[PDB]
Amino acid sequence: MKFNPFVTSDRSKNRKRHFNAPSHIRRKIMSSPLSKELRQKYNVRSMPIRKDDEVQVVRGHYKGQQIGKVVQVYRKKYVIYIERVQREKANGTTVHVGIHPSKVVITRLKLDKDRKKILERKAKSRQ
Amino acid sequence: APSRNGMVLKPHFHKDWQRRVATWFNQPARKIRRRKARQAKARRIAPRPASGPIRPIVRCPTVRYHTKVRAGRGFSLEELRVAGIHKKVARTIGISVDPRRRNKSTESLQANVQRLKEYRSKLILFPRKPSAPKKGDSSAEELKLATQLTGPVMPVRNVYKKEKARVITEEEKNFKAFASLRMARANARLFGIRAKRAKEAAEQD
Amino acid sequence: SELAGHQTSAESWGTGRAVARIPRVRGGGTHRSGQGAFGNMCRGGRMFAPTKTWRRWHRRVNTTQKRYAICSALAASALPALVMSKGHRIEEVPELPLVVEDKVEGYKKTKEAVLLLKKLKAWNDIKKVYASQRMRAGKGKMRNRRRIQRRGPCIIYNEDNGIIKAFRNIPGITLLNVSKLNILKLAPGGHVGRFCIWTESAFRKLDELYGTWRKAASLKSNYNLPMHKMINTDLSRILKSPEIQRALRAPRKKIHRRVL
RNA sequence: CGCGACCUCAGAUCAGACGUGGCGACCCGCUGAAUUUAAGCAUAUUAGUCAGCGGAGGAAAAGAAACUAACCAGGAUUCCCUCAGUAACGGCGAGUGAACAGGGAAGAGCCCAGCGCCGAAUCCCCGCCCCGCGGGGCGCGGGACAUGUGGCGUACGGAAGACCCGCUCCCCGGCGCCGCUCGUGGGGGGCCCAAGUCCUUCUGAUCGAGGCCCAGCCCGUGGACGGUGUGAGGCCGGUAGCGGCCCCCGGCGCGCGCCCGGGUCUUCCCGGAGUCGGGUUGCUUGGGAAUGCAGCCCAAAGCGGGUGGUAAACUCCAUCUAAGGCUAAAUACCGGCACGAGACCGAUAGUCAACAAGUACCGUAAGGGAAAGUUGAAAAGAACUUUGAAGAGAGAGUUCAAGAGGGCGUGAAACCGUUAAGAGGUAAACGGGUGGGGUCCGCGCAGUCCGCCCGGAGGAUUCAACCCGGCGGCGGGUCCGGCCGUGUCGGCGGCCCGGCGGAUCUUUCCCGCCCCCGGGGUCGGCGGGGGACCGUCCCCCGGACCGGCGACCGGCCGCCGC
RNA sequence: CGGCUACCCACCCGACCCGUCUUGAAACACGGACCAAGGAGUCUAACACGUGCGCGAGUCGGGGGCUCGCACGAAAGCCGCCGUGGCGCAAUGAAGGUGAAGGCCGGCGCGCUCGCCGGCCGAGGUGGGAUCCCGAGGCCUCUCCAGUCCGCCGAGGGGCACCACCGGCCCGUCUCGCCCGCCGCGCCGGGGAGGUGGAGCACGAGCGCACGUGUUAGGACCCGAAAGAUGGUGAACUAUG
RNA sequence: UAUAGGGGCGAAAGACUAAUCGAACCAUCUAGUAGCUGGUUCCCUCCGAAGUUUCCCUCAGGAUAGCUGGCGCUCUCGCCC
RNA sequence: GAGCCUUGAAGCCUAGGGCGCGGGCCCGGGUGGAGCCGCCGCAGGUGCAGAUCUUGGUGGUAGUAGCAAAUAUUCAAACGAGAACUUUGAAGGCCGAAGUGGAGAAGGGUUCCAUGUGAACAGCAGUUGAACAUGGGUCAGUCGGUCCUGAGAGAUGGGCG
RNA sequence: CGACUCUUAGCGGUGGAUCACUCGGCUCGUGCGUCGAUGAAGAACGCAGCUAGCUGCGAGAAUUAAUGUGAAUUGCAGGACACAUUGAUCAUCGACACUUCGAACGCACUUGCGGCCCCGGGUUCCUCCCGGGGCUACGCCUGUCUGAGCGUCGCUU
Ligand SMILES: [Mg+2]
Ligand SMILES: [Mg+2]
Ligand SMILES: [Mg+2]
Ligand SMILES: [Mg+2]
Ligand SMILES: [Mg+2]
Ligand SMILES: [Mg+2]
Ligand SMILES: [Mg+2]
Ligand SMILES: [Mg+2]
Ligand SMILES: [Mg+2]
Ligand SMILES: [Mg+2]
Ligand SMILES: [Mg+2]
Ligand SMILES: [Mg+2]
Ligand SMILES: [Mg+2]
Ligand SMILES: [Mg+2]
Ligand SMILES: [Mg+2]
Ligand SMILES: [Mg+2]
Ligand SMILES: [Mg+2]
Ligand SMILES: [Mg+2]
Ligand SMILES: [Mg+2]
Ligand SMILES: [Mg+2]
Ligand SMILES: [Mg+2]
Ligand SMILES: [Mg+2]
Ligand SMILES: [Mg+2]
Ligand SMILES: [Mg+2]
Ligand SMILES: [Mg+2]
Ligand SMILES: [Mg+2]
Ligand SMILES: [Mg+2]
Ligand SMILES: [Mg+2]
Ligand SMILES: [Mg+2]
Ligand SMILES: [Mg+2]
Ligand SMILES: [Mg+2]
Ligand SMILES: [Mg+2]
Ligand SMILES: [Mg+2]
Ligand SMILES: [Mg+2]
Ligand SMILES: [Mg+2]
Ligand SMILES: [Mg+2]
Ligand SMILES: [Mg+2]
Ligand SMILES: [Mg+2]
Ligand SMILES: [Mg+2]
Ligand SMILES: [Mg+2]
Ligand SMILES: [Mg+2]
Ligand SMILES: [Mg+2]
Ligand SMILES: [Mg+2]
Ligand SMILES: [Mg+2]
Ligand SMILES: [Mg+2]
Ligand SMILES: [Mg+2]
Ligand SMILES: [Mg+2]
Ligand SMILES: [Mg+2]
Ligand SMILES: [Mg+2]
Ligand SMILES: [Mg+2]
Ligand SMILES: [Mg+2]
Ligand SMILES: [Mg+2]
Ligand SMILES: [Mg+2]
Ligand SMILES: [Mg+2]
Ligand SMILES: [Mg+2]
Ligand SMILES: [Mg+2]
Ligand SMILES: [Mg+2]
Ligand SMILES: [Mg+2]
Ligand SMILES: [Mg+2]
Ligand SMILES: [Mg+2]
Ligand SMILES: [Mg+2]
Ligand SMILES: [Mg+2]
Ligand SMILES: [Mg+2]
Ligand SMILES: [Mg+2]
Ligand SMILES: [Mg+2]
Ligand SMILES: [Mg+2]
Ligand SMILES: [Mg+2]
Ligand SMILES: [Mg+2]
Ligand SMILES: [Mg+2]
Ligand SMILES: [Mg+2]
Ligand SMILES: [Mg+2]
Ligand SMILES: [Mg+2]
Ligand SMILES: [Mg+2]
Ligand SMILES: [Mg+2]
Ligand SMILES: [Mg+2]
Ligand SMILES: [Mg+2]
Ligand SMILES: [Mg+2]
Ligand SMILES: [Mg+2]
Ligand SMILES: [Mg+2]
Ligand SMILES: [Mg+2]
Ligand SMILES: [Mg+2]
Ligand SMILES: [Mg+2]
Ligand SMILES: [Mg+2]
Ligand SMILES: [Mg+2]
Ligand SMILES: [Mg+2]
Ligand SMILES: [Mg+2]
Ligand SMILES: [Mg+2]
Ligand SMILES: [Mg+2]
């Protein structure tokens, strides 16, 4: 139950801050869960997604055994796009399909020095 | 406009009272503000007690409320001089000083002096340097408390004289009748006219 | 409202220009100029009886009636039929009002609290609250209240040692104190007989805080228990007692209908 | 005639510094109506308000009595409840309308002009040095202010000067650092638990049942939001004196700078002026023989002046010391910056404005002032063929759905078109009564009713009839074996190893005191403490009643499934 | 086969188009082309009455305070040497002021159109008055005997609520009369008997809460004016230099 | 360019003063007041009037009484009077 | 109420079935796609036929009145799907120097010019325009403002408030 | 037989009522106390690759520098794809910058007309000569400089 009086249980204010949040807040909102082997190996529950993360889709029209790599992350639309998931238009031109990043299981992460610092902070705060 | 049998009313609502409406919607707000003010005072100020300066035993000027007692304002400089301490030294001790309050009653004088002696007995002070004037060792483990509540020595002290047992007595019961009040009233109403008639009797030889 | 719909300045036409006698906003170009002004029957108009901030909202109750309602609610929480007719599941539950030990109030982990409710068979009453956690009916979903969560048991205690932590996120449960008895929590919705779970110190402090009909309450200064209107109130026992049936006329069960 | 000093002055684009204007919800100062009421209207009420004008601050104003009272006297200002719709004002009509107590919130007091004493021991500016990081402030040398009066000591509560007594020796402003603090000081960034497990539908699922005898898992975290719909676990976030870093503010502790109060006696000083008050006149007030303010005139006193609610004279008493000034507190805030909540509204409602709203537009101008939300989960916004110059259409295609195709959710009424049925000279329409036609509903139409008992015909089963074995309840008696309920005495036993109340007591008890002759006297008086007695609860055995919703066990008659 | 029916049609009879102002509407009286949405007795304060609840000669915390920092908590619980205070328990007067108990028995002063002492009872009497109590008497298959039993009642008594009257007490005026007391003998106080006016007493029923009706002030059931005041904007039309 | 609202200007019509002039326009007081027109929103059941006395600067209005409704209370009968 | 449901809630339509005298309600069939209801108490901005009611939409009138102030058009060709209206040749007329002409002050602000489209506006129409979209166009010592005073408006000194 | 008119039902067309949602209002309360001569509020003009409005900015103009976070903004081409160099975007912003009018300040405001000082080139110099920078409003306070007085006085011709 909410106890701090400096945060809202208010639907209008939460939807306002959600649909008008800046991009550094939208990066924290667009976060994806991890696979069971990667969370067993790293001891971390959730991570933000980036351009070169490999993605297995768990829900939607396409489900499972589709370990592909994302290409674009529209934070304005709250939608990542996956190279494996395609759909043809009327004129035979392919186009990516809108997938929300909360229905996304990450199987591989991109390694970077900043991501090692992030993973160290995750493991230290999880303790 | 009026009607059947009812009381004649003169409501004072002809003036534009709609603009000036003050309704206590912030009454629990002021309650929480003043709780926080009292608690922040007890935190920040001192181990001085709440309602810091001590108030005197004071009678209320009326024919109505003079049977009761009251916590006054200050200790009435003649009383403080009989108690024998300096004015601002008393203000730093905790004595409330009001220079306006006079003294007509020796009884109230001695009552406030004994109240000051009791306060001086209950006083425990702590200076900064350990040269120890008016102190000593750890007096009652820093006096067992930090802050008193609602007056230090219970400033009401409604004294209760009883006089429960006495035997029926001599002709006071035959002399203190209703006629004494009427005779005193007539004497007070005709005091000066008898003096004028005595002056005229001395004038007319 | 507090700010009028009289922001639009307007005048009425009168006899000529026979549209109406209602005031009309005056101007040109804008097609609002000539429409309905302030008034109740007009578009964009000030409402009839604008709700004011000086309405008599809050209602004072006598303290004797407050304590009377607390005593009546606590008395109605003892009978099994009243609480079963209110709807708590008291099938596998042991004896009425439950008195738990003083080791209950020192709980910190709520797994022990869930285990205690399962062993005391209040888990059915919690499971009813689990089964009914539906969505709010109507337009009340906009003002941040979107859950119909029914009330379950309440645990009344003193000397808090973590019992609010152990009983804080159970659905349907109610935090309640001995020295602060709430009518709105002991009988929500004005319906008496809520299932309650007491502690040893609570169940002994009730007799200290209200008393019997012999002595007064020792914590409350000027309170006594109410006068009992009908002492032995079994109406079937009274009407079937021999003292009443000694002085009855006769059982008259003839009908004497209409004779054609 | 000239030079010099003071005083009244001017000048500058001299050096340095200051005011203008905005906002104006709250606050201060001025002045300022009428609509309305009085059923008419002048006094009155609306109102010392709307409007107008001048100012500042987060509060403002007020604020240390020229006070209230009239008795066993209180004692700065402000805010609330009462006083009180009272005293009182009013064509005493309508109406208007306080204050002192008293209970609470908060409570902090002071300074200067005069009187005098200190050789102006006082302040501003200029120039160089002592000086420290993020910067200006003590001290050195000469130019001014000021004797027509700086500062120190002083303030009506008395103060000062000189002896006597006895002690005290002292604080406010800097600077480096250690551990904290009641939310665990302020703000910001970033991080913190637990299913996405098999079946099932669905376009999508967050739907639906279950996860071993330990309840699949977490909870100090089941608030809320988005996510293809209804989630505590899938994601920000939610609980936690949960955990880490950076920035700022406070009180501890080395240098520099200043530093005599109290009691007795003697002497001396002791106050605010066109101000009070009086006459007269306007506004205001509840203030009336004038509450306050202001204009004009007359205009003080020093055992004085003011107040003491009825004008005046005489007399007595109480209280205060006006014509100089400062100060946080409780109080107000429809302006502003950020924040949270709602028994409120839900696109004709709610602010005029959910949207490129004070926008489009109108008037020369002051000013007036709108209409207007919704495709779908995703644009995947209909490729391609074909008629037409195109608008548009017929196929095909996407989507769960074009019956969602660009103001595109749902799609009613008024109105119109077409189809189907019926009718048509007294305009149409209606009520009562039927008849005809049509849509539709239920039923099987010369065959549809059921539940029980008994006399008949075959099969298949085992109780029941009686008892043994067994558990659970109903009912009363010995109230037997023990608990508990109501009143009665008793041990006064927990009265000192008890709870509460008593303007019922004990001056042979104690302490702090007063009186009369260091001691004595209950000789008398006050407060506090100990206990004597009264009015309800805690034990016990003995008795009475009910065994009463307070029930355990044994036995008895009669139920009960296996 | 049956079916009432917001379907259609025909036939017999009756049938003027609703709302209001009005004695009178179908009116040659007024509003109404049609349809969808909005639209008119609310709220505050005060009073009165009725009702329900709690306490009840008391009642009420609305003003503050106490709890640890809790979403619901702007809730709720408590104060009691916080009852200050509002209303009620006492009224009458303009006011100084005064202020609601009488009755019975015995004794005395000439039981005198007259006061005192001792004891007792205690809010008076009359006529009604729900109810209640006592009870002559009567009645249950054959005789004396009986207890509760079936079982009413002439008459009698005590008399709630209230009604009608009389009498009594308190206060202010009016009339007539005598006495008592001295912290001081006076243009000092008090008392007696009658007739009066009062919103009085004559065993008190109020306080708080909530609902309903009615009235009043507030915009106040909704809409409506000719008018007045305050402050600003216009001589680009027109009038005159 | 000057005269700006009880003001201006007027060879004078009370004519003109931004389509408005026997007192302009805009906003505020203001939702001014009206004894005066119009309207006033679901059903059923029960009871059910008056246009009259008196008074008022009263005659289109109001107060009082009457007529009416609601809420009750006190009793009476069910068992030769 | 272990209420209802994406195996379809609210809303709407309905020659369907029914209940209650009535306010209204329940079920059947169809569009629709995400919230709704029964009982007990509580609180209302709670029920429409009218108010020359306010807002919005739509009929009869009605394909009706009306597209008639200023003498008037006609043939052929061309661009064009399409010509009574666009352009050119030719014929006939009007304005007739107080113009239906050539340029300005005020006022308009891109309307000026070229190209392309013709849904939209031009009261019929368009291939046309002052419509729409795109791209261009205003060059000063000697033209005017700037300088000067005119009627007048105005600040300091001063006075009033 | 048809045409026209009326009443129901289906479907279609104008219409946007009802229902569902709300990045919106309204109320209440808490926290803070903040504008400007060092140029406030407000207004005009300008700024994006394609850019009318709103929004955001001021010739450094869709933002500059710095801190924090950490791989993008996006409708489209381009551009830095670097991250064992310096790092895109976003928020904070404490450092720089802030056209003109505006209390508006050299005058009134017609973007006009000046007056001083300094710096660069123009006859290498003022003499009403081009560009750039600084100053130039009123009132008033303290101090400095100058001089007006038959206001008062001293010494002297
Ligand atoms: Mg909100
Ligand atoms: Mg009436
Ligand atoms: Mg008014
Ligand atoms: Mg208003
Ligand atoms: Mg207005
Ligand atoms: Mg509105
Ligand atoms: Mg609804
Ligand atoms: Mg100002
Ligand atoms: Mg009138
Ligand atoms: Mg009038
Ligand atoms: Mg007045
Ligand atoms: Mg004003
Ligand atoms: Mg300020
Ligand atoms: Mg002051
Ligand atoms: Mg003083
Ligand atoms: Mg009163
Ligand atoms: Mg007067
Ligand atoms: Mg009156
Ligand atoms: Mg007044
Ligand atoms: Mg959700
Ligand atoms: Mg959720
Ligand atoms: Mg998580
Ligand atoms: Mg004096
Ligand atoms: Mg005098
Ligand atoms: Mg005097
Ligand atoms: Mg006197
Ligand atoms: Mg007097
Ligand atoms: Mg003063
Ligand atoms: Mg203050
Ligand atoms: Mg809508
Ligand atoms: Mg609108
Ligand atoms: Mg969408
Ligand atoms: Mg569908
Ligand atoms: Mg649609
Ligand atoms: Mg649809
Ligand atoms: Mg036909
Ligand atoms: Mg009539
Ligand atoms: Mg007539
Ligand atoms: Mg009619
Ligand atoms: Mg007519
Ligand atoms: Mg009509
Ligand atoms: Mg009509
Ligand atoms: Mg409606
Ligand atoms: Mg009552
Ligand atoms: Mg009292
Ligand atoms: Mg007038
Ligand atoms: Mg004026
Ligand atoms: Mg002109
Ligand atoms: Mg003329
Ligand atoms: Mg004339
Ligand atoms: Mg004339
Ligand atoms: Mg005109
Ligand atoms: Mg006129
Ligand atoms: Mg006028
Ligand atoms: Mg009105
Ligand atoms: Mg009006
Ligand atoms: Mg009459
Ligand atoms: Mg009439
Ligand atoms: Mg009447
Ligand atoms: Mg009656
Ligand atoms: Mg009746
Ligand atoms: Mg939807
Ligand atoms: Mg219903
Ligand atoms: Mg309404
Ligand atoms: Mg509502
Ligand atoms: Mg209607
Ligand atoms: Mg009607
Ligand atoms: Mg109409
Ligand atoms: Mg209309
Ligand atoms: Mg519309
Ligand atoms: Mg039409
Ligand atoms: Mg025609
Ligand atoms: Mg023409
Ligand atoms: Mg051709
Ligand atoms: Mg051709
Ligand atoms: Mg032609
Ligand atoms: Mg031609
Ligand atoms: Mg010409
Ligand atoms: Mg052109
Ligand atoms: Mg056309
Ligand atoms: Mg063309
Ligand atoms: Mg154009
Ligand atoms: Mg040239
Ligand atoms: Mg020229
Ligand atoms: Mg002037
Ligand atoms: Mg001047
Ligand atoms: Mg940068
Ligand atoms: Mg320059």
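Residues numbered from 1 in each chain as written, not as in the entry; some residues may be left out. Chains lettered and ligands numbered in written order. Part of a larger assembly, values for the part shown. Heavy atoms only, no water.

In its metadata, the entry names cryo-EM as the structure determination method and reports 3.6 Å as the resolution.

Per the PDB entry, the recorded name for chain C is ribosomal protein uL4, and the organism is Oryctolagus cuniculus. In the PDB, the title recorded for this entry is "tRNA translocation by the eukaryotic 80S ribosome and the impact of GTP hydrolysis, Translocation-intermediate-POST-1 (TI-POST-1)".

As annotated in the PDB entry, chain B is ribosomal protein eL13 from Oryctolagus cuniculus.

S.K.: Looking at this structure, I do not really get the sheet that holds strand β5 (residues 79-82) of chain A. What am I missing?
M.R.: Sheet strands line up and pair through hydrogen bonds in the backbone, either parallel or antiparallel. Residues and elements named next belong to chain A. Read from one edge to the other, the open sheet built from four strands follows the order β5-β4-β3-β8, with strand pairing classed as antiparallel. The sheet is open, and its two edges are formed by β5 and β8 (104-108), each paired on a single side. Neighbour-to-neighbour, the strand axes of this sheet turn through a mean angle of 55°, independent of strand direction. Note: strand β4 (residues 68-74) against β5, four bridges, orientation antiparallel. If you follow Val-73 over to β5, its bridge partner there is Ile-80. (Pairing = 2+ DSSP bridges. Helix = DSSP H or I, 4+ residues; strand = E, 2+ residues; numbered from the N terminus. Axes fitted to C-alpha atoms, helices over the stretch in contact; angles between N-to-C directions.)

S.K.: Just checking my understanding: could you explain the sheet that holds strand β6 (residues 196-199) of chain C for this structure?
M.R.: Residues and elements named next belong to chain C. Read across the open sheet, the four strands follow the order β3-β6-β4-β5; overall the sheet is parallel. In the strand order of this sheet, the two ends are held by β3 (98-100) and β5 (174-177), each with one partner. Neighbour-to-neighbour, the strand axes of the sheet open up by a mean angle of 30°, direction not taken into account. Sheet topology note: the β3/β6 ladder contains three bridges and is parallel. Directly across from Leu-98, in β6, lies its bridge partner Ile-197.

S.K.: I would appreciate a short explanation of empty space enclosed by the protein in the present structure.
M.R.: Take a probe with the size of a water molecule and roll it over the atoms, and the empty space left behind shows itself. Residues and elements named next belong to chain A. Under the counting rule described, the total for this entry stands at three cavities of 30 Å³ or more. Volume-wise, the largest cavity comes out at about 60 Å³. Of the residues forming the lining of the largest cavity, the biggest block, three residues, is contributed by helix α4 (residues 113-126). Within the lining of the largest cavity, the residues separate by chemical class into five nonpolar, no polar and three charged. Taken as a whole, the second largest cavity holds about 40 Å³ of empty space. (1 Å grid on protein atoms, 1.4 Å probe; cavity = no way out; pocket = protein on both sides within 12 Å on 5 of 7 lines; lining within 4 Å. Points joined across faces, edges and corners; volume = space filled by probe spheres on them. Nonpolar A, V, L, I, M, F, W, Y, C, P; charged D, E, K, R; others polar.)

S.K.: Looking at this model, I keep getting lost on the protein's contact with RNA strand F. Mind explaining?
M.R.: In the vicinity of RNA strand F, the contacting residues are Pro-2, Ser-3 and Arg-4 of chain B together with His-6, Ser-9, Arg-21, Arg-26, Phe-38, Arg-46 and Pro-50 of chain C. Of everything in RNA strand F that lies within 4 Å of the protein, sugar and phosphate atoms constitute 63%. Interatomic distance of 2.4 Å between a side-chain N/O atom of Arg-4 of chain B and a phosphate oxygen of RNA strand F. Within the side chain of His-6 of chain C, an N or O atom sits 3.1 Å from a sugar or linking oxygen of RNA strand F. Split by residue class, the surface near RNA strand F holds three nonpolar, three polar and four charged. (Near = heavy atom within 4 Å. Polar contact = N/O pair within 3.5 Å; in protein donor to acceptor, adjacent residues only side chain to side chain.)

S.K.: What should I look at first to understand unusual backbone geometry in this one?
M.R.: Note: most peptide bonds trans; most residues except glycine with negative phi. All names here are of chain B. Residues other than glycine seldom take positive phi values, yet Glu-142 does so here, at roughly 55°. Assignment of secondary structure puts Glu-142 in helix α5 (residues 140-143). Residue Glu-142 is classed as exposed on the basis of its relative accessible area of 62%. (Buried < 20%, exposed > 50% of the residue type's maximum accessible area, 1.4 Å probe, protein only.)

S.K.: Looking at this model, I keep getting lost on the environment of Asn-124 of chain C. Mind explaining?
M.R.: Residue and element names in this part refer to chain C. Take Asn-124: it is sitting in helix α4 (residues 123-131). The sequence separation of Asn-124 and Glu-11 amounts to 113 residues, and the corresponding C-alpha distance is 69 Å. Not counting residues up to four positions away in its chain, the partners in contact with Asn-124 are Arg-89, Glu-91 and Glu-92. (Contact = heavy atoms within 4.5 Å.)

S.K.: Sorry, what's going on with the protein's contact with RNA strand D here?
M.R.: Surveying the vicinity of RNA strand D reveals 122 residues, the closest of which are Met-1, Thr-8, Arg-45 and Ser-46 of chain A together with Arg-168 of chain C. Of everything in RNA strand D that lies within 4 Å of the protein, sugar and phosphate atoms constitute 70%. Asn-14 of chain A is positioned with one of its side-chain polar atoms (N or O) 3.0 Å from a sugar or linking oxygen of RNA strand D. Between RNA strand D and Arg-59 of chain B, the relevant distance is 2.9 Å, taken from a sugar or linking oxygen to a side-chain nitrogen or oxygen of the residue. Considering every element that reaches the surface near RNA strand D, the biggest residue donor is helix α1 (residues 11-19) of chain A, with seven residues. Counted by class, the surface near RNA strand D contains 30 nonpolar, 36 polar and 56 charged residues.

S.K.: Got a minute to help me understand a positive patch on the surface in this structure?
M.R.: Residues and elements named next belong to chain B. Residues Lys-31, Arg-34, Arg-35 and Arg-38 make up a contiguous surface patch of positive charge. Structurally, the position occupied by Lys-31 is in helix α1 (residues 27-44). Take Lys-31: its relative accessible area is 45%, and that puts it in the partly exposed class. (Patch = residues over 30% accessible without salt bridge, like charges linked within 9 Å, V, L, I, M, F, W, Y side chains within 5 Å. Areas by Shrake-Rupley, 256 points an atom, 1.4 Å probe, with all protein chains shown as cover. Salt bridge = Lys/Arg side-chain N within 4 Å of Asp/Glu carboxyl O. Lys, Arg positive; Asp, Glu negative; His and termini not counted. Charge placed at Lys NZ, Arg CZ, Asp CG, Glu CD.)

S.K.: What exactly am I supposed to notice about the nonpolar core here?
M.R.: As a rule of thumb, nonpolar side chains are buried together in soluble globular proteins. If you look at the biggest cluster of nonpolar residues, it comprises 22 residues, and the most contacted ones within it are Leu-98, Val-104, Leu-117, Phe-167, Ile-170, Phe-195 and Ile-197 of chain C. Elements with a minimum of two residues in this core: β3, α3 (110-119), β4 (154-157) and α5 (163-166) of chain C. A total of three residues in this core trace back to one element, the largest contributor, which is α3 of chain C. If we skip the residues at most four places from it in the chain, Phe-195 of chain C touches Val-83, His-88, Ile-90, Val-93, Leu-98, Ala-122, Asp-125, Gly-152, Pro-153 and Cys-154 of chain C. Membership of the second largest hydrophobic core comes to 20 residues, among which are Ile-80, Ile-82, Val-85 and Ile-106 of chain A. (Core = buried A, V, L, I, M, F, W, Y, C linked by side-chain atoms within 4.5 Å.)

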